[PDB]
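The structure appears below as structure tokens.
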Amino acid sequence: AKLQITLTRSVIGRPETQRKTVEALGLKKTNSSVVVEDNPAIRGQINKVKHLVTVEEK
Amino acid sequence: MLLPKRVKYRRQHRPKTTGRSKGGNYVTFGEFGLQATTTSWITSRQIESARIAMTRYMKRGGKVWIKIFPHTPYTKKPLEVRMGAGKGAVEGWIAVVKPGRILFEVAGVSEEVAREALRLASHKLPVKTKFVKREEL
Amino acid sequence: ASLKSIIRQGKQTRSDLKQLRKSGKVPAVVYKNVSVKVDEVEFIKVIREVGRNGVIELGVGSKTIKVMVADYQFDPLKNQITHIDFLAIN
Amino acid sequence: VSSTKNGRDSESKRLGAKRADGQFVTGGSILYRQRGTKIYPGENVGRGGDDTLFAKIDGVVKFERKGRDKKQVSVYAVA
Amino acid sequence: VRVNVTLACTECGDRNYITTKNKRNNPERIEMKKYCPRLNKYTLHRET
RNA sequence: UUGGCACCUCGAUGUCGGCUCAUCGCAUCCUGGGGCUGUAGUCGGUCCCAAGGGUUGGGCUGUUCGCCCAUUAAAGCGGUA
RNA sequence: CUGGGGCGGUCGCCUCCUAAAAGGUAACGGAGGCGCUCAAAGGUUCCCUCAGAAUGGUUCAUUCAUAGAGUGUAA
RNA sequence: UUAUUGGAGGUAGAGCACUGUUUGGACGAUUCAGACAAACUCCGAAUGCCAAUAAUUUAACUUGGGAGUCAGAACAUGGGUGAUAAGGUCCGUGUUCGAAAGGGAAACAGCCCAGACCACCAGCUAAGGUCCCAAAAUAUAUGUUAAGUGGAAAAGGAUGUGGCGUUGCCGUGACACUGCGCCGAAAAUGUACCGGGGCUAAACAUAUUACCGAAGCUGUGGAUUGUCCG
RNA sequence: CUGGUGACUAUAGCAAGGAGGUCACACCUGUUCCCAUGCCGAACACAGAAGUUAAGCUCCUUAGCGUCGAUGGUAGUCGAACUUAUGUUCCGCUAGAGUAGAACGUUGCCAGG
Ligand SMILES: [K+]
Ligand SMILES: [K+]
Ligand SMILES: [K+]
Ligand SMILES: [Mg+2]
Ligand SMILES: [Mg+2]
Ligand SMILES: [Mg+2]
Ligand SMILES: [Mg+2]
Ligand SMILES: [Mg+2]
Ligand SMILES: [Mg+2]
Ligand SMILES: [Mg+2]
Ligand SMILES: [Mg+2]
Ligand SMILES: [Mg+2]
Ligand SMILES: [Mg+2]
Ligand SMILES: [Mg+2]
Ligand SMILES: [Mg+2]
Ligand SMILES: [Mg+2]
Ligand SMILES: [Mg+2]
Ligand SMILES: [Mg+2]
Ligand SMILES: [Mg+2]
Ligand SMILES: [Mg+2]
Ligand SMILES: [Mg+2]
Ligand SMILES: [Mg+2]
Ligand SMILES: [Mg+2]
Ligand SMILES: [Mg+2]
Ligand SMILES: [Mg+2]
Ligand SMILES: [Mg+2]
Ligand SMILES: [Mg+2]
Ligand SMILES: [Mg+2]
Ligand SMILES: [Mg+2]
Ligand SMILES: [Mg+2]
Ligand SMILES: [Mg+2]
Ligand SMILES: [Mg+2]
Ligand SMILES: [Mg+2]
Ligand SMILES: [Zn+2]
């Protein structure tokens with residue numbers, strides 16, 4: 001039901017659209033994390049930045 | 001030397017050389033063929049030299065199809081000139097050859113004779129080639 | 001005159017198709033439409049036996065459909081059959 | 001040395017779509033700039049002297065098929 | 001060939017209409033019916 | 001080499017030839033070793049190894065270069081602003 | 001302006017390609033045009049349909065012909 | 001920003017229905033087969049763009065005061081130009097430098113990792129690494145190479161060697177594909193591109209388990225500025 | 001069932017064969033009246049009804065040309081990792097061509113039978 005997302009890779013050197021998706025996910029600094037409700041929009045954001053984040057199920 | 005009798009535009013962008021051969025990847029007119037395995041421009045002079053080698057080795061007894069034609073002009077600047085001041089004049093004509101394309105086909109001779117004629121032609125070309133037969137099944 | 005085809009279940013990714021063709025199988029479709037795969041060597045032997053427009057008894061799963069070769073995709077580089085279509089003769 | 005006889009171009013005219021399908025537009029809004037009828041005027045849409053397609057009422061833009069090889073743009077009142 | 005033309009009707013000094021003509025094709029003094037704001041009606045405006 | 005580019009230098013990086021003094025590379029001019037030869041011999045042709053040493057004195061031209069005279073085993077080709 | 005400067009060429013406007021399927025997008029990149037014309041070649045109502053080919057005739061007629069013609073002018 | 005939905009448009013590719021280019025047949029220009037195109041298109045994506053109403057997020061706009069900037073650079077990628085030359089040049093797109101320290105790439109603005117408020121003789125990681133210089137594996141399993149290949153290059157040449165095979169003869173030929181090596185391989189102060197020592201693995205290809213490694217993150221204390229509830 | 005008039009990307013068309021015509025739709029008859037011919041009662045227009053399904057038109061049958069068209073695979077490509085190789089790998093999207101096949105229209109309203 002809930003997803004924990006951790007920003008595992010830096011946004012330095014990443015395209016601005018990927019940075020914008022990182023910010024819209026609520027992630028702030030490297031290794032910061034958010035807990036969000038699982039739904040297709042959140043899944044799409046995660047899919048866009050999957051190389052930069054780690055997802056686990058709560 | 002093969003070249004178009006006329007073109008609409010004599011000054012053309014050079015063609016893209018990445019990717020694989022769009023078509024002409026099969027022997028359709030003759031019995032044996034020479035298939036390119038690497039990419040290069042092929043010039044009309046190279047085509048003429050290869051054709052002469054082939055026809056000389058088979059004594060003009062079989063028959064050859066040149067499957068490529070040099071449709072594309074390319075320009076070259078005059079010697080010792082700086083950059084700019086417009087595009088240079090036409091220097092020659094090239095055909096784009098990519099892996100898979102059949103360059104020449106031959107018919108009317110034995111397999112060994114065709115193989116030797118095609119080896120002699122291949123040594124005149126800026127690409128690596130392979131002897132091929134018509135594909136069945 | 002006989003050849004066993006293994007049914008491909010679900011979607012196969014591009015990696016799956018590459019691994020199949022490396023292991024030596026040819027993907028094919030029988031036409032309900034069925035996605036199958038065969039062995040290239042055994043297919044070559046059956047085609048040699050029966051001719052290009054011959055008749056084959058394709059063992060799809062448990063059944064046995066009398067099919068021919070409607071079309072085939074080939075790779076002139078590497079000399080490899082890459083896809084087969086089997087039309088049920090009816 | 002030599003010289004080139006080319007080197008001319010006119011100003012770009014910024015043609016093409018100006019409002020989206022499903023967008024609300026006030027009357028008089030230009031919907032499409034074009035040379036000729038690349039897209040035709042449909043319902044409540046006019047065609048200007050320079051082929052400009054514009055809305056004749058307020059409403060929602062709909063780009064739609066017109067036969068096999070043509071298309072048109074209409075504007076439908078929201079209500 | 002082509003010259004500028006000014007049309008003015010008898011009962012007005014407005015001279016509000018200018019137009020063009022080919023001097024070779026139309027050597028005459030061209031006449032046309034044009035609306036005259038002063039008289040609120042159409043009148044015979046003729047090239048000067 | 002002739003160039004292309006314009007990246008160091010315009011509050012200065014002296015330009016050609018020669019003289020003096022060299023130093024390095026080897027695609028070796030001579031000398032040393034060797035294969036083939038359409039190598040009889042004496043001579044040659046060509047290729048391989050080889051950089052130890054050696055490798056000119058004049059006429060003309062500012063010349064580099066080049067031509068010529070007379071030699072020499074040979075009068076090598078390049079790099080070092 | 002300028003792949004130093006000079007010499008040569010260019011300087012405003014229109015169309016296309018380069019231009020990466022919205023728009024925009026540079027080079028002394030690749031191609032052309034404009035500095036008008038028309039008293040109808042404008043408005044409106046009504047009517048009409050082309051190029052080419054074949055077949056016959058000392059332009060005339062038939063059949064195929066979605067335009068392969070025409071649209072004042074460059075695209 | 002993403003999800004869904006709708007739309008505009010002609011690139012990549014493809015194709016030859018138009019224009020143009022082109023190769024073989026056959027027939028009495030037509031037809032058949034097969035090719036080429038920035039300024040060809042019967043076709044046509046991925047993307048990107050414009051909009052509409054859900055999830056996440058934090059801007060956005062207007063008006064006034066004050067600026068600086070108008071020499072850009074490399075890298076990657078789509079292109080023009082040049083010569084599929086340039087650390088060349090001109091545009092599109094993204095990143096970094098500029099204005100960015102720290103770790104890696106020997107050294108090395110522009111590459112890889114990563115954004116330094118201050119203090120610590122705490123911990124976990126990134127790229128990159130673990131024989132010695134020099135922190136951490138002379139780690140584990142399987143195989144390849146014998147060239148110091150690794151640690152700079154081609155056409156082309158070859159009983160080098162490993163793995164797949166197809167066939168002819170009855171051990172062995174012919175053939176094709178593929179992995180790693182060999183030759184082709186000549187420059188100028190001095191070995192002289194592995195950074196050095198050295199290495200036959202301390203090379204290479206898979207797979208695994210650990211550890212090292214930054215000014216990244218965490219832990220402890222402190223400073224300043226903000227919100228929310230000292 | 002026919003006819004008028006609409007909607008729909010030719011799955012609707014085109015072509016080749018059959019059946020039909022009492023009312024209707026037509027071919028047809030005439031040029032006196034409205035009207036009409038760069039010339040022509042061909043067409044347009046008006047009067048009609050001798051005649052004929054011959055044609056147009058309607059129904060039935062052919063996949064022949066055209067049209068539509070999958071699934072599967074391929075090209076290309078967003079993103080990512082490797083990499084500098086006319087590249088490789090993974091992932092999502094996914095053509096064009098060609099194949100199976102579909103298709104000899106469906107359908108709203110009004111009027112007649
Ligand atoms: K310039
Ligand atoms: K454009
Ligand atoms: K064509
Ligand atoms: Mg083809
Ligand atoms: Mg108008
Ligand atoms: Mg106008
Ligand atoms: Mg130089
Ligand atoms: Mg520059
Ligand atoms: Mg200076
Ligand atoms: Mg000084
Ligand atoms: Mg030597
Ligand atoms: Mg003297
Ligand atoms: Mg100049
Ligand atoms: Mg675009
Ligand atoms: Mg555009
Ligand atoms: Mg001009
Ligand atoms: Mg002028
Ligand atoms: Mg293309
Ligand atoms: Mg540069
Ligand atoms: Mg470059
Ligand atoms: Mg850029
Ligand atoms: Mg600065
Ligand atoms: Mg730094
Ligand atoms: Mg920054
Ligand atoms: Mg380095
Ligand atoms: Mg360092
Ligand atoms: Mg710095
Ligand atoms: Mg650790
Ligand atoms: Mg140690
Ligand atoms: Mg080495
Ligand atoms: Mg060393
Ligand atoms: Mg090292
Ligand atoms: Mg920190
Ligand atoms: Zn007046």
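So you can find residues: chains in the structure tokens are A, B, ... in the order shown, residues in each start at 1, and ligands are numbered from 1 in order.
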- Message: If the limit is 8 Å from any atom of ligand 33, counting only C-alpha atoms (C1' of nucleotides) and all ligand atoms, which residues qualify? Return them as number ranges by chain.
- Response: H: 116, 215-217
Residues as selected, C-alpha atoms (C1' of nucleotides), written as a PDB file, in the first residue's frame, can you do that?
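After the write, again37.pdb holds the following:
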ATOM      1  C1'   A H 116      32.510  22.214   1.441  1.00  0.00           C
ATOM      2  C1'   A H 215      34.220  17.951   2.418  1.00  0.00           C
ATOM      3  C1'   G H 216      28.173  12.453  -0.207  1.00  0.00           C
ATOM      4  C1'   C H 217      25.111  10.395   3.995  1.00  0.00           C
TER       5        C H 217
END
- Message: Any residue with an atom at most 10 Å from ligand 31 counts, using only C-alpha atoms (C1' of nucleotides) and all ligand atoms. Which are they? Put them as an MDAnalysis selection string.
- Response: chainID H and resid 151 191:196
Please find the residues of chain D near chain I - the criterion being any atom within 9 Å, counting only C-alpha atoms (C1' of nucleotides) - and write them as a PDB file with N, CA and C atoms, in the first residue's frame.
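Now in part22.pdb:
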ATOM      1  N   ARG D  65     -11.533  14.660 -38.305  1.00  0.00           N
ATOM      2  CA  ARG D  65     -11.381  14.144 -39.658  1.00  0.00           C
ATOM      3  C   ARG D  65     -12.456  14.714 -40.577  1.00  0.00           C
ATOM      4  N   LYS D  66     -12.086  14.958 -41.836  1.00  0.00           N
ATOM      5  CA  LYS D  66     -13.005  15.444 -42.869  1.00  0.00           C
ATOM      6  C   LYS D  66     -12.782  14.593 -44.117  1.00  0.00           C
ATOM      7  N   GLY D  67     -13.540  13.509 -44.241  1.00  0.00           N
ATOM      8  CA  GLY D  67     -13.337  12.597 -45.348  1.00  0.00           C
ATOM      9  C   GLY D  67     -12.118  11.716 -45.131  1.00  0.00           C
ATOM     10  N   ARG D  68     -11.558  11.236 -46.239  1.00  0.00           N
ATOM     11  CA  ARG D  68     -10.423  10.326 -46.144  1.00  0.00           C
ATOM     12  C   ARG D  68      -9.105  11.070 -45.961  1.00  0.00           C
ATOM     13  N   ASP D  69      -8.898  12.160 -46.698  1.00  0.00           N
ATOM     14  CA  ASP D  69      -7.586  12.790 -46.776  1.00  0.00           C
ATOM     15  C   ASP D  69      -7.575  14.243 -46.312  1.00  0.00           C
TER      16      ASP D  69
END
- Message: I need the residues in chain E that are strand (DSSP E) according to DSSP; give them as a list in words.
- Response: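 Put together, the selection reads residues 2, 3, 4, 5, 6, 7, 8, 9, 17, 18, 19, 20, 21, 22, 31, 32, 33, 34, 35, 36, 41, 42, 43, 44, 45, 46 and 47 of chain E.
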- Task: Go ahead and compute the interatomic distance for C1' of residue 129 (chain H) and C1' of residue 209 (chain H), in Å to one decimal.
- Result: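 Between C1' of residue 129 (chain H) and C1' of residue 209 (chain H) the gap is 16.4 Å.
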- Item | Neighbours of chain C in chain B at 10 Å, counting only C-alpha atoms, as an NGL selection string | :B and (25-26 or 35-37 or 99-101 or 130 or 132 or 135-137)
- Item | Who sits within 12 Å of region 61-70 of chain G, only C-alpha atoms (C1' of nucleotides), same chain under 6 positions skipped, as a VMD selection string | (chain G and resid 49 to 55) or (chain H and resid 18 to 19)
Write the residues you've just listed into a file as a PDB file, in the first residue's frame, and include N, CA, C and O atoms (P, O5', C5', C4', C3', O3' and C1' of nucleotides) for each of them.
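Full text of result05.pdb as output:
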ATOM      1  P     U G  49     -18.647  19.482 -68.261  1.00  0.00           P
ATOM      2  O5'   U G  49     -17.090  19.733 -68.047  1.00  0.00           O
ATOM      3  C5'   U G  49     -16.263  20.177 -69.117  1.00  0.00           C
ATOM      4  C4'   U G  49     -14.809  20.200 -68.721  1.00  0.00           C
ATOM      5  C3'   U G  49     -14.261  18.871 -68.205  1.00  0.00           C
ATOM      6  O3'   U G  49     -12.903  18.727 -68.604  1.00  0.00           O
ATOM      7  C1'   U G  49     -14.004  20.534 -66.545  1.00  0.00           C
ATOM      8  P     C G  50     -12.532  18.124 -70.042  1.00  0.00           P
ATOM      9  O5'   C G  50     -11.107  18.763 -70.339  1.00  0.00           O
ATOM     10  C5'   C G  50     -10.888  20.152 -70.153  1.00  0.00           C
ATOM     11  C4'   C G  50      -9.597  20.418 -69.421  1.00  0.00           C
ATOM     12  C3'   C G  50      -8.359  19.733 -69.978  1.00  0.00           C
ATOM     13  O3'   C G  50      -7.810  20.394 -71.101  1.00  0.00           O
ATOM     14  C1'   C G  50      -8.422  19.445 -67.641  1.00  0.00           C
ATOM     15  P     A G  51      -7.114  19.542 -72.271  1.00  0.00           P
ATOM     16  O5'   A G  51      -5.752  19.038 -71.623  1.00  0.00           O
ATOM     17  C5'   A G  51      -4.698  19.948 -71.355  1.00  0.00           C
ATOM     18  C4'   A G  51      -3.485  19.241 -70.812  1.00  0.00           C
ATOM     19  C3'   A G  51      -2.848  18.207 -71.725  1.00  0.00           C
ATOM     20  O3'   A G  51      -2.003  18.780 -72.705  1.00  0.00           O
ATOM     21  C1'   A G  51      -3.055  17.321 -69.544  1.00  0.00           C
ATOM     22  P     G G  52      -1.800  18.051 -74.122  1.00  0.00           P
ATOM     23  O5'   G G  52      -1.501  16.530 -73.743  1.00  0.00           O
ATOM     24  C5'   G G  52      -0.188  16.109 -73.398  1.00  0.00           C
ATOM     25  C4'   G G  52      -0.134  14.632 -73.094  1.00  0.00           C
ATOM     26  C3'   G G  52      -0.438  13.700 -74.257  1.00  0.00           C
ATOM     27  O3'   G G  52       0.686  13.492 -75.096  1.00  0.00           O
ATOM     28  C1'   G G  52      -1.672  13.019 -72.362  1.00  0.00           C
ATOM     29  P     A G  53       0.491  13.111 -76.645  1.00  0.00           P
ATOM     30  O5'   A G  53      -0.067  11.619 -76.611  1.00  0.00           O
ATOM     31  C5'   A G  53       0.693  10.568 -76.032  1.00  0.00           C
ATOM     32  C4'   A G  53      -0.113   9.299 -75.915  1.00  0.00           C
ATOM     33  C3'   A G  53      -0.768   8.810 -77.194  1.00  0.00           C
ATOM     34  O3'   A G  53       0.133   8.119 -78.040  1.00  0.00           O
ATOM     35  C1'   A G  53      -2.329   8.715 -75.421  1.00  0.00           C
ATOM     36  P     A G  54      -0.008   8.246 -79.633  1.00  0.00           P
ATOM     37  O5'   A G  54      -1.092   7.139 -79.995  1.00  0.00           O
ATOM     38  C5'   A G  54      -0.953   5.815 -79.508  1.00  0.00           C
ATOM     39  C4'   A G  54      -2.273   5.090 -79.500  1.00  0.00           C
ATOM     40  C3'   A G  54      -3.060   5.142 -80.797  1.00  0.00           C
ATOM     41  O3'   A G  54      -2.590   4.210 -81.757  1.00  0.00           O
ATOM     42  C1'   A G  54      -4.497   5.627 -78.988  1.00  0.00           C
ATOM     43  P     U G  55      -2.561   4.594 -83.317  1.00  0.00           P
ATOM     44  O5'   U G  55      -4.073   4.401 -83.777  1.00  0.00           O
ATOM     45  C5'   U G  55      -4.823   3.268 -83.360  1.00  0.00           C
ATOM     46  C4'   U G  55      -6.309   3.513 -83.457  1.00  0.00           C
ATOM     47  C3'   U G  55      -6.806   4.080 -84.774  1.00  0.00           C
ATOM     48  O3'   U G  55      -6.942   3.089 -85.773  1.00  0.00           O
ATOM     49  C1'   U G  55      -7.810   5.246 -82.976  1.00  0.00           C
TER      50        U G  55
ATOM     51  P     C H  18       4.108   6.592 -59.969  1.00  0.00           P
ATOM     52  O5'   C H  18       4.213   8.159 -59.733  1.00  0.00           O
ATOM     53  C5'   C H  18       3.126   9.023 -60.028  1.00  0.00           C
ATOM     54  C4'   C H  18       3.404  10.416 -59.534  1.00  0.00           C
ATOM     55  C3'   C H  18       4.718  11.022 -60.001  1.00  0.00           C
ATOM     56  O3'   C H  18       4.629  11.595 -61.292  1.00  0.00           O
ATOM     57  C1'   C H  18       4.495  11.322 -57.667  1.00  0.00           C
ATOM     58  P     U H  19       5.793  11.356 -62.371  1.00  0.00           P
ATOM     59  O5'   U H  19       6.964  12.326 -61.903  1.00  0.00           O
ATOM     60  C5'   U H  19       6.748  13.721 -61.748  1.00  0.00           C
ATOM     61  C4'   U H  19       7.973  14.401 -61.191  1.00  0.00           C
ATOM     62  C3'   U H  19       9.303  13.861 -61.691  1.00  0.00           C
ATOM     63  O3'   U H  19       9.669  14.337 -62.975  1.00  0.00           O
ATOM     64  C1'   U H  19       9.384  14.043 -59.345  1.00  0.00           C
TER      65        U H  19
END
- Query: Do you know which residues are within 8 Å of ligand 9 using only C-alpha atoms (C1' of nucleotides) and all ligand atoms? Can you write them as JSON, numbers by chain?
  - Reply: {"F": [9, 10, 12, 13]}
